[PDB]
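Taken one at a time, structure 1 and structure 2 that follow are two forms of one protein chain, written as structure tokens.
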Structure 1
């Protein structure tokens, strides 16, 4: 509860209280971290500011950052650098795909939808790392969130599965790049969690019940389980760990 004392992290991707990013924010806060939040656009600004305010302590900086927009991304981290001076990591909790691509067969994925999913769900990690690198003057960790669907075929995940494969490969190439600067890059592969974006995946309740039935720990995962693993990865306990993908999924990933 003082593992992250004296450290500041940027948390990207809070949309509401069910967001995995908000679970991460709570765990980081509870471990003593100061937090900077970024939100996608005006629609979500008050949700994020209100949640940030429920944390006790100094008021958290809350900034707009649409990761499809290089100008805004650059400006966002320039502001951060000037206002706080040093950060020790970034939690990248961002993905998007068109729902029409998610519903159809994968072979019917639109070109524009494929590239949009790649842009937001995979390339944005690299765009973010490029700007974050400048502010992580003492090193630290960059974290992203992935899903089993990026490693193997899971139903109704389709275009997002292929985007997560890009993301997981990006984690490795970024780790190899940034390690010499003392920056680690890792992923958490979370099991299914009911979030705002989970509605894009078909019959989510069958999926949850399947986890309960078959996963080794016989229960579904929580935002807090993901956040507590994020606490480890952002801490000095994980200083030897980079380019890794830790499954926080009740062991489901081992099943064949």
Structure 2
């Protein structure tokens, strides 16, 4: 609970307690970190504050930040610079694609749906990194989350797989840009996580079952496993690691 002691991190993408960003936040907090949360819609503002409130210790800052909005993005990190000064990292857990592009054949993806997915799920890392480097005076780490479907074809993942590929290339080109400023850039490729309680029948349940059966560790991924790998990457223990994609997926990525 001291690995991140004295360090401050911005967490993006919390929507509710089931958010992977929230799982990450919990792990960082338990390793001694102070957290700053952003919320996309002032819809989500209520959830983030009450979630942030369940964290004993000093009151976490909670700010608006639409990464699709250049002005709102700059204004957000401007505020962090004013009120907090230096941060030591950003957790970028932002992704979106139109639900109907995750359906049939990728070849029928609309231009708008493609560019929307790229804008929110891929360019947002670069947009955020450009602002974050203004407050990361002591260096640190920028973390993003990806999935195997950005490297290899996963059924129905379609336009999101292409967006995650763009994200993983961005991680590399950002690592090359920002390393000379003392900033590392890394990704965690998380395996599917059981978040719903219903078991038995269902497409996602079939996916999870196949992972339990075939993955090397014979189990699916938890938010806590992802969070604890995030703690490593944000810590000084990872100071030699940048441009890396660490698979936290029970070994599934190694299978042919």
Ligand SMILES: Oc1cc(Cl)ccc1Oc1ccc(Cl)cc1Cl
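Basically, rigid core = biggest C-alpha set you can superpose within 1.5 Å across the two forms. Numbering follows the first chain given and starts at 1.
Form assignment for the chain places structure 2 as the one matching the criterion, namely the form solved without this ligand.
Put simply, after the core is superposed between structure 1 and structure 2, 201 is the one residue in 211, 201, 36, 31 with a Cα shift of at least 2 angstroms. Look at residue 18: with the core superposed, its C-alpha moves 1.1 Å between structure 1 and structure 2. Aligning the rigid core between structure 1 and structure 2 leaves the CA of residue 226 offset by 0.3 Å. Here the two forms are laid over each other by their core, and the C-alpha of residue 104 is off by 2.0 Å between structure 1 and structure 2.
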